[PDB]
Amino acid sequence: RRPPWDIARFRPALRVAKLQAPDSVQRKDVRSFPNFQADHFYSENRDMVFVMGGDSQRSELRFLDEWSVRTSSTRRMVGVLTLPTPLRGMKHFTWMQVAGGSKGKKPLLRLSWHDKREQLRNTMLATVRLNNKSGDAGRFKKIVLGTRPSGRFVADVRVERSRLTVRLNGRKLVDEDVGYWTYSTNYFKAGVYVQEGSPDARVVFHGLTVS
């Protein structure tokens, strides 16, 4: 294992992100990536690997740029990644987001993996929030993205002129108006953020770029 900053292709993303992990694991978000590696964030096989176990715990990059959905020029996150077979007991985790930040407070978009869902096994999901309310007042659009691929796939999230799109391996599976989401604190996230599962979840990035 080596520091993902050793693999040059990850430098553009790492220059404009910081790494978040539990307060029991690091005191503060990591902002300087040269020479940095840990059990939750390391490179093997020239990839950038995130690993975290336990409900509500993350190892995730928080992109530093904050923006509004009204943006004139496309805001885009494109990943080439693998979700290796999850361990027995891992039920639900998130691997990319459009996070709502300090004003939005909830994520506009989560891309997640689930052992089991009803609307399905070994299934990926896009959740687009229709408001930022908590509890029972929360409203959502749930879009089924299909079975977890067994190897690499391309995930491409774009927001432009109030429209959110997701393309998985070139297929546009999400295309929604988001103009209701007025908050100006949105940013991209990528990595692993466990919702339900004691064991470790692993998310393997082969490439990640924002624009």
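Numbers follow the displayed sequence, beginning with 1.
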Of the deposited residues between residue 102 and residue 103, the number without coordinates is none
Look over 40-48 and 26-34 in the entry and identify the one with the greater average Cα temperature factor. 26-34
Which has the higher mean CA temperature factor in the PDB entry, 188-196 or 16-24? 16-24
Please work out which residue in 65, 55, 60, 156 has the highest C-alpha B-factor recorded for this crystal structure. 65
Candidate set 127, 97, 123, 134 [ranked by C-alpha B-factor, highest]: 134
Could you place residue 146 in the lowest, middle or highest third of its chain by Cα temperature factor, using the values in the record? middle
Residue 69: CA B-factor among chain residues, third -> highest
Within-chain third of residue 114 by Cα B-factor, per the entry: lowest
Classify residue 91 as lowest, middle or highest third according to the C-alpha B-factor given in the PDB entry, relative to its own chain. middle
